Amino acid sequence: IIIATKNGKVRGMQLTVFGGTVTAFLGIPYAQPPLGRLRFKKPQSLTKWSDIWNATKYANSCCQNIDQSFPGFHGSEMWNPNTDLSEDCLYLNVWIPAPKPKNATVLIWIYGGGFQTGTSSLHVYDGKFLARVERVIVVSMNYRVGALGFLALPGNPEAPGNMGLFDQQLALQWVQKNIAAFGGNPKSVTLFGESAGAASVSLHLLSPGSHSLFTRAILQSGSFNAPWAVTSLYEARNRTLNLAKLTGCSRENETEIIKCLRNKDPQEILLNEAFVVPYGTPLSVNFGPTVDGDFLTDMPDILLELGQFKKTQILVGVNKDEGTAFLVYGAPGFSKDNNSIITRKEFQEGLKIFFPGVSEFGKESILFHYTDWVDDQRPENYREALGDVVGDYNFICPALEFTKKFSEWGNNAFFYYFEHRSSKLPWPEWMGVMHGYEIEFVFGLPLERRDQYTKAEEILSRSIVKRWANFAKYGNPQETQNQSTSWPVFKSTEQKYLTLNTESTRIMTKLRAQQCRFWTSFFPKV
C-alpha cells in the first residue's frame, strides 16, 4: 500500500478488477507547481517530502478551455476535464498489478487534445485494465497545455516554449528514477499516446534529452509532421505578441511582457488564446510545440528526413474517419443531429473554413482531387469528401509519411488501420470511426462485460491489448496463440498495414496511396 519514492513515501489504493486486484497510485506530484514566477518556465525539480503522500485520487487537471458546443452530450463531454482545473496540475498516476510485479514492462500514456485540452484522469485513460490483464505498469501524466504550456519567446527562459513537452519529459525521468520501486523495469518503457499525445511521442523520438528515458513508441492518430503539430517561430512570436496586446501586456522589454502576463489570472489568458490568430480553424493549435533550440534543436521535418532520431521500433496507426469530428465544429450544412448531406457549394465553403489562408488555386486543387466521383448522383458524395479531406491532410497522410521516413533508417515499424465503430458511439453513424474512439479499445474498456459492448468488441479489445503489450515488452505486436493474422513490418517499398476490426483482420498495402501523394508531394507547394 505504501511505496518509497525518491522524494517521499506515497500511499496507494487497491482496486478490484476482473476478480483480481490492481494497486492505483493516483496524483503523484512530479514537479514544483508552476505558479507565480514559475508560470511559463520549464518544470522545476521537486523538493522532498517527509510524510506519506496520499496518492488516492486524481489530481487537478491543467487549466484549459472547455468544449461547450454540445452541452449535455456525452460524445463531446467525455473529453472535457473531470477534475478541477488548476495551474497546480503537474501530477502523474501509476497502476501496478497485484501482487507487485518484479520487473514489469512500463507503458506511459500521453493524452491528446490538440495541445490545448486533455487530462490523464479521463475515464477512457484508466490503466487498471491493462495492469490487471497484461501485468504491465501503466503511467500517465498531466502536462501543461495551451499558452500556459507552449507560449514561446524563443531563446527567452521566462517563456522558452515547449514547457508542456518538458513536463512530459520530467515525468519520464520520474519513471526512470522511481518505477523500479513499484516493480517496474525502467529499461522496458513504451511511450504511447493519441493525437497531440502521439505527436508528443514522435517529438520525444527526436529530442536528444528523451532518448534515454524510453525504449519503444506507439503513435495513435498523430505525428509531428501533422500540419497542426508544430508552430513556427514566426507564428509563435506573432501569437505571443497578440496575446500581450489582448491582455494589455505589450511592453518593449520582452521580459517585462512575460512579467505582465504572470500577473494575469489564468482565466484571462485562457479567454484570449483563441484570438491570437486572425483566422482559426477547428484544427487550430494556436499555442503548441515550437523549435525552441532545447527540446527541439532543428525543424523536425529535417531531423526526420536526415535520420536524426532514436533508433527503435514504432507502432503507428490511424482511424478510418479521423476527419469527421471536426466537421461539426464549423463546417456549413453539418450537424451531429442530421445526416449532413451537403451540396458542392457547401463543400467549397467548408474548404474556406478548413484552409483559410490557402490560395484559390490550392482550394480548387483539393476539390479536384476529391470530387472525381464513382457516381455523381450519390448525395453523401460531398459530405464524405470533406471528412476525408480533413482526415487525410491532418492525420492519415502525415502518419504514413512519418512511418515511411522513420522505417527507412532500418527500424521495424508496424502500421494499423482501425476501422471499428464502437457500438456505444454517441455520435451519429455518418461520422463513422472517429478520431479518438480506438482509445477505449486500447485501454480494454470492452473487457468489462458490464459496460454494454458486444462480445465481438471484447474480443477485438482483448486482441489489441495483447498486441500493444507484446509490442511494449518484445517490440513485436503479434498475438501468437489464437491463430491470429501475423502483423507484418512496415517497409517503405511494400507498405503493409494491419486492419483492426471485429469481422476479419486483414493485411493490405499502400493505404490512401492516391490521396497522400496529393497531400505530401503536391499540396505543400501551393
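Between two forms, the rigid core is defined as the largest C-alpha subset superposing within 1.5 Å. Residue numbers here begin at 1 and follow the sequence given.
Across the superposed structures in 9 other deposited structures of this protein, aligned by the core, the stretch whose Cα atoms lie more distant on average is 275 to 283, chosen from 275 to 283 and 76 to 84. Checked against the other entries of this protein, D375 counts as unresolved in at least one third of those spanning it. The deposited model assigns a higher average Cα B-factor to 444 to 452 than to the other stretch when 159 to 167 and 444 to 452 are compared. If you average the C-alpha B-factors over 94 to 102 and over 376 to 384, the higher value belongs to 376 to 384. Highest C-alpha temperature factor among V276, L122, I439, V201 per the entry: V276. In this entry, the residue among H435, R239, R216, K310 with the greatest C-alpha B factor is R239. Among the modelled residues of the chain, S365 sits in the middle third by CA temperature factor in this PDB entry. The entry lists a Cα temperature factor for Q64 that places it in the middle third of the chain's modelled residues.
Sort the modelled residues of the chain by CA B factor and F402 lands in the lowest third. Remark: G357 belongs to the highest third of its chain, ranked by C-alpha B-factor as recorded. When the modelled residues of the chain are ordered by their C-alpha B factor, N225 lands in the lowest third.
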